[PDB]
Amino acid sequence: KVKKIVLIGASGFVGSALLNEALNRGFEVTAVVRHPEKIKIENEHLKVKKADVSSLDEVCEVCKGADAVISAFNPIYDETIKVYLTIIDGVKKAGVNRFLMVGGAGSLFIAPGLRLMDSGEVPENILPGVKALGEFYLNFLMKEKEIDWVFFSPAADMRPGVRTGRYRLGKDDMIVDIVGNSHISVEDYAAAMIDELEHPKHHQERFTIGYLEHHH
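Residues 41 to 256 (our numbering) are what the sequence shown spells out, left to right.
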């Protein structure tokens with residue numbers, strides 16, 4: 041079973057949510073962040089380390105021995121795509137067989153043959169980053185066979201909320217509620233990610249999540 045893991049980019053709303061969810065469930069975690077000072081969690085199953093995510097040798101070194109690696113790394117952008125690659129290649133060179141990545145909603149279908157990125161529904165101010173993340177999955181992950189990867193596409197609108205434990209799990213189509221909105225809490229997204237880590241249901245593929253009920 042999976043016991044020891046490395047969490048790359050264990051900061052921000054998502055990285056922090058994954059960090060706490062994994063420790064609370066008995067995992068021994070090595071969190072890699074740019075600013076260790078921001079983390080004040082006290083637990084004997086936790087190690088905090090700094091690494092140059094853009095350096096292949098540094099990513100490879102910190103992942104050695106791990107049972108699995110989860111990356112929550114974010115975020116011109118041809119440099120970004122380049123970093124997404126260095127991470128997965130660093131993980132493969134370390135010998136780990138399971139890699140889980142926090143994805144985006146851009147590559148999800150909102151209609152037959154139409155992905156969210158190409159629809160115009162994405163806010164102008166974040167389109168560049170959305171496209172780069174979607175392109176990495178589509179043009180790189182989809183051809184990878186030398187590791188068991190999982191790209192987890194969150195709902196179009198993800199923010200801090202409640203850990204309800206109730207939601208729909210999908211594959212490639214965006215999940216929307218009765219009102220037509222696609223959303224999920226950061227806490228519920230993390231709970232699902234650790235569920236996939238603890239009890240594998242997906243292999244070399246992308247899956248997604250979203251609420252079915254609507255808040256009032």
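All C-beta atoms, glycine included, are put in the ideal place defined by N, C-alpha and C.
Check: For the putative contact between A196 and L156, defined by C-beta atoms under 8 Å, what is the C-beta separation to the nearest angstrom?; Outcome: 7 Å
Check: Can you find the residues in the same chain that come closer than 6 Å, C-beta to C-beta, to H243, ignoring five residues on each side of it along the sequence?; Outcome: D188
Check: Could you check if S95 is buried or exposed, using at least 16 other CB atoms within 10 Å of its CB as the buried criterion?; Outcome: exposed
Check: Does the count of Cβ pairs from the segment 122–132 and the segment 91–111 closer than 8 Å reach three?; Outcome: yes
Check: Tell me, please, which residues DSSP counts as bridged to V72.; Outcome: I48, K89
Check: Short check: CB of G49 to CB of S111, under 8 Å?; Outcome: yes
Check: So for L156, helix, strand or coil by DSSP?; Outcome: helix
Check: Give me whichever residues DSSP pairs with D197 in a beta bridge.; Outcome: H223
Check: What does a CB cutoff of less than 7 Å around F149 pick up in its chain, not counting 5 residues either side in sequence?; Outcome: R155, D212, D213, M214
Check: Per the DSSP calculation, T248 is bridged to which residue(s)?; Outcome: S193, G210
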